[PDB]
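Peer 1: For reference, this is query.cif, and it has mmCIF, C-alpha atoms.
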data_my_file
#
loop_
_atom_site.label_atom_id
_atom_site.label_comp_id
_atom_site.auth_asym_id
_atom_site.auth_seq_id
_atom_site.Cartn_x
_atom_site.Cartn_y
_atom_site.Cartn_z
CA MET A 1 62.81 67.05 -17.65
CA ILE A 2 59.28 67.99 -18.70
CA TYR A 3 56.25 65.70 -18.56
CA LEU A 4 54.87 65.15 -22.07
CA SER A 5 52.40 62.35 -22.78
CA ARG A 6 49.42 61.48 -24.97
CA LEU A 7 45.74 60.92 -24.26
CA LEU A 8 43.92 59.19 -27.10
CA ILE A 9 40.25 59.80 -27.92
CA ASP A 10 38.13 57.84 -30.41
CA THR A 11 35.76 60.47 -31.94
CA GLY A 12 34.64 57.78 -34.37
CA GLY A 13 33.08 54.39 -34.85
CA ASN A 14 29.39 53.55 -34.66
CA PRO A 15 27.18 56.66 -34.26
CA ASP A 16 24.49 54.63 -32.48
CA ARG A 17 26.73 53.95 -29.48
CA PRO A 18 26.69 56.93 -27.07
CA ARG A 19 30.31 58.04 -26.79
CA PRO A 20 30.93 60.05 -23.59
CA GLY A 21 34.33 61.19 -24.85
CA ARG A 22 32.70 63.07 -27.73
CA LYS A 23 30.68 65.26 -25.37
CA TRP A 24 33.70 65.35 -23.05
CA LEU A 25 35.73 67.24 -25.67
CA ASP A 26 32.80 69.41 -26.81
CA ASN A 27 33.26 71.86 -23.89
CA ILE A 28 36.27 73.58 -22.33
CA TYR A 29 35.43 73.07 -18.66
CA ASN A 30 35.00 69.28 -18.89
CA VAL A 31 38.50 68.59 -20.23
CA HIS A 32 39.84 71.36 -17.97
CA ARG A 33 38.36 69.72 -14.86
CA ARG A 34 39.35 66.19 -15.88
CA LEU A 35 42.97 67.15 -16.56
CA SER A 36 43.04 69.34 -13.43
CA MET A 37 42.01 66.37 -11.29
CA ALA A 38 44.77 64.38 -13.08
CA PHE A 39 47.26 65.80 -10.52
CA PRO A 40 45.57 64.96 -7.20
CA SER A 41 46.88 66.05 -3.83
CA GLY A 42 49.04 63.52 -2.03
CA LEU A 43 46.99 63.22 1.16
CA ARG A 44 43.94 62.03 -0.80
CA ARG A 45 45.89 59.07 -2.20
CA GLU A 46 46.82 58.09 1.35
CA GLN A 47 43.22 58.61 2.50
CA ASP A 48 41.30 57.22 -0.49
CA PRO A 49 43.67 55.40 -2.90
CA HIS A 50 40.83 54.16 -5.09
CA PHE A 51 39.20 57.39 -6.46
CA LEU A 52 35.92 56.64 -4.76
CA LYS A 53 34.77 59.83 -3.03
CA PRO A 54 32.96 63.08 -3.88
CA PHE A 55 35.88 65.37 -4.67
CA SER A 56 36.43 69.02 -3.73
CA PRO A 57 38.96 71.36 -5.40
CA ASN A 58 40.01 72.82 -2.05
CA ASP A 59 41.36 69.37 -1.21
CA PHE A 60 43.09 69.43 -4.60
CA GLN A 61 46.22 71.46 -5.26
CA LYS A 62 46.61 74.20 -7.87
CA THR A 63 49.25 74.33 -10.62
CA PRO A 64 49.43 76.30 -13.89
CA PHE A 65 48.71 73.22 -16.01
CA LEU A 66 48.05 73.24 -19.75
CA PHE A 67 47.05 70.94 -22.60
CA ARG A 68 46.51 70.79 -26.37
CA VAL A 69 43.55 69.46 -28.37
CA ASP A 70 44.56 68.05 -31.77
CA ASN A 71 43.44 65.13 -33.93
CA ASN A 72 43.98 63.04 -37.07
CA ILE A 73 46.94 60.73 -37.08
CA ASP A 74 45.90 59.07 -40.32
CA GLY A 75 46.66 55.62 -41.68
CA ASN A 76 43.01 54.56 -42.02
CA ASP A 77 41.98 55.61 -38.50
CA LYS A 78 40.59 59.02 -37.55
CA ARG A 79 41.67 59.65 -33.96
CA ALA A 80 41.87 62.60 -31.55
CA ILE A 81 44.93 63.66 -29.58
CA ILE A 82 45.43 65.33 -26.20
CA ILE A 83 48.95 66.62 -25.46
CA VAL A 84 49.42 67.72 -21.85
CA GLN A 85 52.24 69.32 -19.88
CA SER A 86 52.62 70.88 -16.43
CA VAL A 87 55.11 70.96 -13.57
CA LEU A 88 54.42 67.99 -11.26
CA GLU A 89 54.15 64.26 -11.84
CA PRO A 90 50.75 63.26 -13.30
CA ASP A 91 48.98 59.94 -12.91
CA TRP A 92 47.02 58.24 -15.68
CA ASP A 93 46.06 54.98 -13.96
CA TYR A 94 44.55 57.03 -11.12
CA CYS A 95 42.80 59.47 -13.47
CA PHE A 96 41.01 57.14 -15.91
CA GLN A 97 40.47 54.07 -13.72
CA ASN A 98 36.70 54.32 -14.29
CA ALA A 99 36.81 56.11 -17.67
CA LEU A 100 38.01 53.39 -20.04
CA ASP A 101 35.14 54.37 -22.34
CA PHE A 102 36.66 57.86 -22.62
CA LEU A 103 39.75 56.60 -24.45
CA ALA A 104 40.28 54.48 -27.56
CA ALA A 105 43.79 53.28 -26.62
CA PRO A 106 45.68 53.11 -23.30
CA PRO A 107 47.75 56.22 -22.58
CA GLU A 108 51.53 56.17 -22.91
CA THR A 109 54.26 58.36 -21.42
CA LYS A 110 58.04 58.66 -21.78
CA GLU A 111 60.69 61.07 -20.55
CA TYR A 112 61.29 64.11 -22.78
CA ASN A 113 63.81 66.95 -22.35
CA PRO A 114 63.93 70.24 -24.31
CA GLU A 115 67.07 72.05 -25.47
CA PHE A 116 67.47 75.46 -27.11
CA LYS A 117 70.30 77.32 -28.84
CA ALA A 118 70.99 80.76 -30.29
CA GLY A 119 69.84 81.40 -33.85
CA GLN A 120 68.50 77.86 -34.24
CA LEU A 121 65.54 76.83 -36.38
CA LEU A 122 62.44 75.23 -34.86
CA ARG A 123 59.05 73.83 -35.83
CA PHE A 124 56.06 74.79 -33.73
CA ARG A 125 52.29 74.78 -33.33
CA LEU A 126 50.60 77.26 -31.00
CA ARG A 127 47.03 78.22 -30.15
CA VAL A 128 46.25 81.77 -28.98
CA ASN A 129 42.78 83.26 -28.73
CA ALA A 130 42.38 86.47 -30.75
CA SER A 131 41.92 88.98 -27.94
CA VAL A 132 42.09 92.78 -28.23
CA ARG A 133 41.03 94.78 -25.16
CA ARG A 134 38.78 97.61 -26.34
CA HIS A 135 36.25 100.18 -25.17
CA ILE A 136 32.92 99.41 -26.83
CA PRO A 137 29.57 101.23 -26.95
CA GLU A 138 27.05 99.08 -25.13
CA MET A 139 24.26 97.53 -27.19
CA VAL A 140 21.45 95.94 -25.16
CA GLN A 141 17.73 95.04 -25.45
CA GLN A 142 17.64 95.27 -29.29
CA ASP A 143 13.83 95.42 -29.19
CA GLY A 144 13.20 96.75 -32.68
CA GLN A 145 15.54 99.73 -32.32
CA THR A 146 19.01 100.21 -30.87
CA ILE A 147 19.43 101.66 -27.38
CA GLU A 148 22.77 102.90 -26.04
CA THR A 149 24.00 104.99 -23.12
CA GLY A 150 27.18 106.99 -22.72
CA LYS A 151 28.91 104.24 -20.75
CA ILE A 152 31.76 102.52 -22.61
CA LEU A 153 31.95 98.86 -21.65
CA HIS A 154 35.38 97.26 -21.23
CA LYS A 155 35.98 93.79 -22.67
CA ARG A 156 38.24 91.89 -25.07
CA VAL A 157 36.87 92.10 -28.62
CA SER A 158 37.85 89.39 -31.09
CA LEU A 159 40.40 90.49 -33.68
CA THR A 160 39.06 92.25 -36.76
CA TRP A 161 40.86 93.38 -39.90
CA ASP A 162 40.23 95.97 -42.59
CA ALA A 163 38.26 95.03 -45.70
CA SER A 164 41.40 95.31 -47.85
CA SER A 165 43.19 92.67 -45.74
CA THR A 166 42.88 88.87 -45.87
CA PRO A 167 42.95 87.00 -42.51
CA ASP A 168 46.23 85.29 -43.39
CA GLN A 169 48.76 88.11 -43.31
CA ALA A 170 46.68 89.83 -40.62
CA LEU A 171 47.42 86.97 -38.23
CA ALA A 172 50.94 86.79 -39.66
CA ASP A 173 51.39 90.46 -38.72
CA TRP A 174 49.95 89.70 -35.27
CA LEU A 175 52.52 86.93 -34.78
CA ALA A 176 55.27 89.18 -36.17
CA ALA A 177 54.32 91.95 -33.74
CA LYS A 178 54.17 89.58 -30.77
CA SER A 179 57.43 87.79 -31.66
CA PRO A 180 60.12 90.31 -30.49
CA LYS A 181 58.39 90.87 -27.14
CA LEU A 182 58.27 87.19 -26.23
CA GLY A 183 61.81 86.46 -27.43
CA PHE A 184 61.82 85.13 -30.99
CA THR A 185 61.64 86.18 -34.64
CA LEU A 186 59.91 84.39 -37.51
CA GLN A 187 59.95 84.69 -41.29
CA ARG A 188 56.52 83.20 -42.16
CA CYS A 189 53.71 81.27 -40.50
CA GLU A 190 50.59 79.60 -41.87
CA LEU A 191 47.01 80.01 -40.66
CA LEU A 192 45.09 76.73 -40.68
CA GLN A 193 42.41 77.11 -37.97
CA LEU A 194 40.47 80.34 -37.44
CA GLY A 195 37.14 79.81 -35.76
CA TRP A 196 34.90 79.96 -32.74
CA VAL A 197 35.32 77.88 -29.57
CA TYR A 198 32.30 77.43 -27.30
CA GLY A 199 31.91 76.29 -23.71
CA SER A 200 29.93 76.67 -20.51
CA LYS A 201 30.60 76.92 -16.78
CA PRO A 202 28.86 75.90 -13.56
CA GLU A 203 29.46 77.87 -10.39
CA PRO A 204 28.19 78.06 -6.80
CA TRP A 217 20.20 76.00 -1.88
CA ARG A 218 21.70 77.29 -5.17
CA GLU A 219 21.15 76.45 -8.85
CA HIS A 220 23.23 75.99 -12.00
CA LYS A 221 23.63 78.47 -14.85
CA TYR A 222 24.69 78.18 -18.49
CA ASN A 223 26.56 80.97 -20.26
CA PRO A 224 28.31 80.54 -23.64
CA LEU A 225 32.06 80.70 -23.11
CA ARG A 226 33.57 82.56 -26.04
CA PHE A 227 37.07 82.31 -27.51
CA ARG A 228 38.38 83.22 -30.98
CA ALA A 229 41.00 80.49 -31.24
CA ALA A 230 43.87 80.61 -33.73
CA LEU A 231 45.91 77.44 -34.33
CA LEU A 232 49.03 77.90 -36.47
CA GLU A 233 51.94 75.73 -37.59
CA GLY A 234 55.30 75.83 -39.25
CA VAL A 235 58.96 76.84 -39.08
CA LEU A 236 60.19 78.87 -36.10
CA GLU A 237 63.42 80.78 -35.57
CA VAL A 238 64.79 81.92 -32.22
CA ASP A 239 66.82 84.93 -31.12
CA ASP A 240 68.10 83.63 -27.77
CA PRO A 241 67.75 80.26 -26.00
CA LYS A 242 67.21 81.91 -22.60
CA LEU A 243 63.91 83.51 -23.70
CA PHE A 244 62.17 80.15 -24.27
CA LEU A 245 62.57 78.11 -21.06
CA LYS A 246 60.18 80.43 -19.20
CA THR A 247 57.63 80.14 -22.04
CA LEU A 248 57.00 76.40 -21.89
CA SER A 249 54.49 75.12 -19.29
CA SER A 250 53.26 78.70 -18.81
CA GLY A 251 51.67 79.86 -22.08
CA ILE A 252 52.19 82.84 -24.38
CA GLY A 253 48.67 84.14 -25.09
CA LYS A 254 45.34 84.20 -23.28
CA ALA A 255 43.15 81.38 -21.96
CA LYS A 256 46.33 79.98 -20.43
CA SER A 257 44.70 77.38 -18.16
CA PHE A 258 42.21 76.51 -20.92
CA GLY A 259 44.86 74.87 -23.10
CA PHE A 260 46.29 77.67 -25.25
CA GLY A 261 50.01 77.73 -24.55
CA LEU A 262 51.90 74.59 -25.56
CA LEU A 263 55.22 75.20 -27.29
CA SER A 264 55.75 72.34 -29.75
CA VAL A 265 59.42 71.48 -29.12
CA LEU A 266 60.21 69.86 -32.47
CA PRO A 267 63.55 71.22 -33.74
CA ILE A 268 63.67 70.45 -37.46
CA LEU B 195 -21.96 53.80 22.31
CA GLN B 196 -18.35 53.62 21.12
CA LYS B 197 -17.50 51.92 17.84
CA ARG B 198 -14.25 49.96 18.02
CA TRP B 199 -13.75 50.31 14.25
CA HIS B 200 -15.32 52.05 11.29
CA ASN B 201 -17.55 49.42 9.61
CA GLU B 202 -18.93 47.08 12.27
CA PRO B 203 -22.52 45.88 12.72
CA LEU B 204 -24.13 47.68 15.60
CA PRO B 205 -27.13 46.32 17.55
CA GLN B 206 -30.23 48.21 16.48
CA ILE B 207 -31.86 47.10 19.74
CA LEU B 208 -29.94 47.47 23.01
CA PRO B 209 -30.94 45.72 26.26
CA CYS B 210 -30.81 47.34 29.69
CA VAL B 211 -31.22 45.49 32.99
CA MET B 212 -31.98 47.47 36.13
CA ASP B 213 -32.79 46.98 39.78
CA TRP B 214 -36.55 47.15 40.18
CA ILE B 215 -37.70 50.61 41.26
CA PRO B 216 -40.56 50.08 43.75
CA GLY B 217 -42.35 53.28 42.74
CA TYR B 218 -44.81 54.13 45.49
CA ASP B 219 -44.96 52.34 48.84
CA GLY B 220 -46.41 48.89 48.36
CA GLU B 221 -46.54 48.13 44.62
CA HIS B 222 -45.91 44.40 44.45
CA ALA B 223 -43.54 43.44 41.67
CA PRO B 224 -44.89 43.07 38.10
CA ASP B 225 -45.18 39.80 36.23
CA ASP B 226 -41.93 40.42 34.33
CA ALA B 227 -39.86 40.87 37.51
CA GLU B 228 -37.38 37.99 37.74
CA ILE B 229 -35.48 36.90 40.82
CA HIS B 230 -31.69 37.18 40.99
CA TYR B 231 -29.58 36.08 43.96
CA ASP B 232 -26.92 38.77 43.70
CA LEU B 233 -27.31 41.10 46.68
CA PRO B 234 -24.23 40.53 48.88
CA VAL B 235 -24.58 40.60 52.65
CA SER B 236 -21.44 38.61 53.55
CA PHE B 237 -18.62 37.88 51.17
CA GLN B 238 -16.52 35.15 52.88
CA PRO B 239 -18.35 32.77 52.55
CA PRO B 240 -20.51 34.42 49.87
CA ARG B 241 -24.12 34.87 50.98
CA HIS B 242 -26.35 36.28 48.25
CA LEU B 243 -29.84 37.70 48.70
CA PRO B 244 -32.51 37.72 45.99
CA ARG B 245 -33.44 40.88 44.11
CA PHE B 246 -36.01 41.88 41.51
CA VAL B 247 -34.56 42.58 38.07
CA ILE B 248 -36.37 44.24 35.16
CA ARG B 249 -35.27 44.76 31.55
CA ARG B 250 -36.09 47.57 29.13
CA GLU B 251 -35.05 47.94 25.51
CA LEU B 252 -33.37 51.00 23.99
CA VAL B 253 -33.25 51.87 20.29
CA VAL B 254 -30.06 53.38 18.94
CA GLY B 255 -30.20 56.48 16.77
CA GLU B 256 -32.92 58.21 18.79
CA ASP B 257 -31.79 57.87 22.42
CA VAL B 258 -28.40 56.11 22.19
CA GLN B 259 -25.99 57.73 19.73
CA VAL B 260 -22.76 56.35 18.28
CA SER B 261 -19.33 57.95 18.71
CA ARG B 262 -16.38 58.59 16.41
CA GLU B 263 -13.67 56.06 15.65
CA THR B 264 -10.93 58.06 17.46
CA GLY B 265 -7.95 56.17 16.11
CA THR B 266 -6.59 53.81 13.49
CA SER B 267 -6.87 50.02 13.38
CA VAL B 268 -4.40 48.74 10.77
CA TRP B 269 -0.71 49.55 11.00
CA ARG B 270 0.23 50.16 7.31
CA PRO B 271 4.05 50.70 7.35
CA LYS B 272 5.54 53.91 6.02
CA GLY B 273 5.42 55.23 2.49
CA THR B 274 7.85 54.70 -0.38
CA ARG B 275 7.41 56.02 -3.96
CA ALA B 276 8.80 59.53 -3.89
CA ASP B 277 7.41 61.66 -6.70
CA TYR B 278 9.39 63.62 -9.30
CA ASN B 279 7.28 66.74 -9.95
CA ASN B 280 6.85 68.41 -6.55
CA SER B 281 8.68 71.66 -5.84
CA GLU B 282 10.41 70.38 -2.68
CA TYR B 283 12.17 67.75 -4.82
CA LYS B 284 13.90 70.07 -7.28
CA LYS B 285 15.50 72.30 -4.63
CA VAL B 286 17.19 69.34 -2.92
CA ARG B 287 18.15 67.89 -6.32
CA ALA B 288 19.78 71.16 -7.38
CA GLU B 289 21.44 71.57 -3.97
CA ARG B 290 23.10 68.15 -4.24
CA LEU B 291 24.49 69.20 -7.65
#
Please express the file's structure as structure tokens.

Peer 2:
Amino acid sequence: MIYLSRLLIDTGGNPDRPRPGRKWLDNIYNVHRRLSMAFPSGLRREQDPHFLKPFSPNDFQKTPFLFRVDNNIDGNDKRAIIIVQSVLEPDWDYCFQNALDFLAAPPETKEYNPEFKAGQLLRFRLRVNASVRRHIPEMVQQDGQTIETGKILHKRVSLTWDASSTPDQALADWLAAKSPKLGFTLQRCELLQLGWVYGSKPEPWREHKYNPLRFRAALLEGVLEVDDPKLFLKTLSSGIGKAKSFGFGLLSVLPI
Amino acid sequence: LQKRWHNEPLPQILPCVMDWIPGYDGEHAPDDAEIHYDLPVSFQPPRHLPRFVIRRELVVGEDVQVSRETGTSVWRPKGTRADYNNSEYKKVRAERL
């Protein structure tokens, strides 16, 4: 009995009109915060039922929520799509009661229920950031000449491939390697979005700071096969990759 | 001489009226000595005795000097129009954010 709905964003029309939704999607933390507030704590509704106070996340409750940023249902209208799921009841009249300019159509929600079998075909779209934890030589200053010390910095490098390998079967081999651990097996998958995803974060007289959030996103699509139905119920609403809370874990439950 | 406010016309010439000093013994009063029935000897009913009264003139700026204003006259209620470039503004603005 999972909670699947649709938020609908314009991303089009007259360029002269300032569209706050367009800058709302052009950052991770904005959509993250707005969908995180979309499950408010119950005592706030009893206290302020009108969404008319300076909020605080300590008053809010915390759940491993997750979304999906897509676009382009055609038919002579370019439009952008937000697909959200989590485990608690969301509210959309509470969330966007002052943000009617954010959307291009009123949101809609129905009841959806997923079922899985053994050795059954599926169709899926996932998004996982290309993340490989590596020891790197540090490279700072860069004032005319390179300067390094013996310290090896620890971070997650974006995925790279050898010069005799195209990106396509490299990410196919990544998905093939990650399949038997998570609980499925595929025969082929198609790469259709490899790119860079940028964002920024504020944090606590104090100031505010801007740092470029960095994620090597990978959105794929097409034809899934399963090995056991019991290895998929714990995958939905939790995520399979990294940047889990940032909207990188929705299992597209479309059996066809 | 105390100015009540900052830009008021002050008398350049300043009169002074004094009881007539007899000087030496004798010395009948000069021709400018006027009579004035203001020496009290009983006060219910008022009996007044005459006295000799003489006036000199003083000139301000050489023997009588002015004072400072020592206060404000107009009220002028408090100030609006907060600025947007001072350093005390940006710290509060960033703190509220």

Peer 1: Interatomic distance between CA of residue 203 in chain A and CA of residue 34 in chain A?

Peer 2: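 According to the coordinates, CA of residue 203 in chain A and CA of residue 34 in chain A are separated by 16.3 Å.
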
Peer 1: Could you please determine the separation between CA of residue 241 in chain A and CA of residue 262 in chain A in Å, to one decimal place?

Peer 2: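 Computed distance, CA of residue 241 in chain A to CA of residue 262 in chain A, equals 16.8 Å.
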
Peer 1: I'd like the residues picked by the PyMOL selection byres ((chain B) within 12 of (chain A)) written out as number ranges by chain, using the chain letters and numbers from the file.

Peer 2: B: 282-291

Peer 1: Please, what distance in Å, to one decimal, runs between CA of residue 84 in chain A and CA of residue 123 in chain A?

Peer 2: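 It comes out at 18.0 Å.
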
Peer 1: List the spatial neighbours of range 197-207 of chain B as a ChimeraX atom specification - criterion: any atom at most 12 Å away, only C-alpha atoms, same-chain residues fewer than 6 positions off excluded.

Peer 2: /B:250-268

Peer 1: Using the selection just defined, write its residues with C-alpha atoms as a PDB file, keeping the file's coordinate frame.

Peer 2:
ATOM      1  CA  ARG B 250     -36.090  47.570  29.130  1.00  0.00           C
ATOM      2  CA  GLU B 251     -35.050  47.940  25.510  1.00  0.00           C
ATOM      3  CA  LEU B 252     -33.370  51.000  23.990  1.00  0.00           C
ATOM      4  CA  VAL B 253     -33.250  51.870  20.290  1.00  0.00           C
ATOM      5  CA  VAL B 254     -30.060  53.380  18.940  1.00  0.00           C
ATOM      6  CA  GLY B 255     -30.200  56.480  16.770  1.00  0.00           C
ATOM      7  CA  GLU B 256     -32.920  58.210  18.790  1.00  0.00           C
ATOM      8  CA  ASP B 257     -31.790  57.870  22.420  1.00  0.00           C
ATOM      9  CA  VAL B 258     -28.400  56.110  22.190  1.00  0.00           C
ATOM     10  CA  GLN B 259     -25.990  57.730  19.730  1.00  0.00           C
ATOM     11  CA  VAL B 260     -22.760  56.350  18.280  1.00  0.00           C
ATOM     12  CA  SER B 261     -19.330  57.950  18.710  1.00  0.00           C
ATOM     13  CA  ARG B 262     -16.380  58.590  16.410  1.00  0.00           C
ATOM     14  CA  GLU B 263     -13.670  56.060  15.650  1.00  0.00           C
ATOM     15  CA  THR B 264     -10.930  58.060  17.460  1.00  0.00           C
ATOM     16  CA  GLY B 265      -7.950  56.170  16.110  1.00  0.00           C
ATOM     17  CA  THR B 266      -6.590  53.810  13.490  1.00  0.00           C
ATOM     18  CA  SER B 267      -6.870  50.020  13.380  1.00  0.00           C
ATOM     19  CA  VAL B 268      -4.400  48.740  10.770  1.00  0.00           C
TER      20      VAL B 268
END

Peer 1: From the options A:165, A:63, A:30, A:86, which residue's atoms come nearest to residue 2 in chain A, counting only C-alpha atoms?

Peer 2: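 Of A:165, A:63, A:30, A:86, the one nearest residue 2 in chain A, counting only C-alpha atoms, is A:86.
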
Peer 1: Rank B:271, B:220, B:246, B:280 by their smallest atom-to-atom distance to residue 232 in chain B, using only C-alpha atoms, and report the top residue only.

Peer 2: B:246

Peer 1: Box for range 220-238 of chain B: with edges along x, y and z, all listed atoms inside and 6 Å added on each side, what are the centre and edge lengths in Å to one decimal, as AutoDock Vina command-line options?

Peer 2:
--center_x -31.5 --center_y 42.0 --center_z 43.9 --size_x 42.0 --size_y 25.7 --size_z 31.2

Peer 1: Show me the residues around (44.1, 62.3, -27.3) - criterion: an atom at most 7 Å away, all atoms listed in the file counted - as a PyMOL selection string.

Peer 2: chain A and resi 6-9+80-83

Peer 1: Applied to this file, what does the PyMOL selection byres ((chain B and resi 223-227) around 10) return in terms of residues, put as a PyMOL selection string?

Peer 2: chain B and resi 213-217+220-222+228-230+245-249

Peer 1: Write a file of the selected residues as a PDB file, in the frame of the given file, keeping C-alpha atoms.

Peer 2:
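Wrote selection03.pdb, looks like this:
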ATOM      1  CA  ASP B 213     -32.790  46.980  39.780  1.00  0.00           C
ATOM      2  CA  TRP B 214     -36.550  47.150  40.180  1.00  0.00           C
ATOM      3  CA  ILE B 215     -37.700  50.610  41.260  1.00  0.00           C
ATOM      4  CA  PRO B 216     -40.560  50.080  43.750  1.00  0.00           C
ATOM      5  CA  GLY B 217     -42.350  53.280  42.740  1.00  0.00           C
ATOM      6  CA  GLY B 220     -46.410  48.890  48.360  1.00  0.00           C
ATOM      7  CA  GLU B 221     -46.540  48.130  44.620  1.00  0.00           C
ATOM      8  CA  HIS B 222     -45.910  44.400  44.450  1.00  0.00           C
ATOM      9  CA  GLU B 228     -37.380  37.990  37.740  1.00  0.00           C
ATOM     10  CA  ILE B 229     -35.480  36.900  40.820  1.00  0.00           C
ATOM     11  CA  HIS B 230     -31.690  37.180  40.990  1.00  0.00           C
ATOM     12  CA  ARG B 245     -33.440  40.880  44.110  1.00  0.00           C
ATOM     13  CA  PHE B 246     -36.010  41.880  41.510  1.00  0.00           C
ATOM     14  CA  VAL B 247     -34.560  42.580  38.070  1.00  0.00           C
ATOM     15  CA  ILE B 248     -36.370  44.240  35.160  1.00  0.00           C
ATOM     16  CA  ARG B 249     -35.270  44.760  31.550  1.00  0.00           C
TER      17      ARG B 249
END

Peer 1: Pull the neighbourhood of (57.4, 64.5, -20.5) for me: all residues within 9 Å in file coordinates, counting all atoms listed in the file, as a PDB file with C-alpha atoms, keeping the file's coordinate frame.

Peer 2:
ATOM      1  CA  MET A   1      62.810  67.050 -17.650  1.00  0.00           C
ATOM      2  CA  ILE A   2      59.280  67.990 -18.700  1.00  0.00           C
ATOM      3  CA  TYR A   3      56.250  65.700 -18.560  1.00  0.00           C
ATOM      4  CA  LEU A   4      54.870  65.150 -22.070  1.00  0.00           C
ATOM      5  CA  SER A   5      52.400  62.350 -22.780  1.00  0.00           C
ATOM      6  CA  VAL A  84      49.420  67.720 -21.850  1.00  0.00           C
ATOM      7  CA  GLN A  85      52.240  69.320 -19.880  1.00  0.00           C
ATOM      8  CA  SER A  86      52.620  70.880 -16.430  1.00  0.00           C
ATOM      9  CA  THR A 109      54.260  58.360 -21.420  1.00  0.00           C
ATOM     10  CA  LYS A 110      58.040  58.660 -21.780  1.00  0.00           C
ATOM     11  CA  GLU A 111      60.690  61.070 -20.550  1.00  0.00           C
ATOM     12  CA  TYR A 112      61.290  64.110 -22.780  1.00  0.00           C
ATOM     13  CA  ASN A 113      63.810  66.950 -22.350  1.00  0.00           C
TER      14      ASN A 113
END

Peer 1: Compare A:181, A:20, A:61, A:229 by their minimum atom-to-atom distance to residue 198 in chain A, counting all atoms listed in the file, and give me the closest one.

Peer 2: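 Among the listed residues, A:229 lies closest to residue 198 in chain A.
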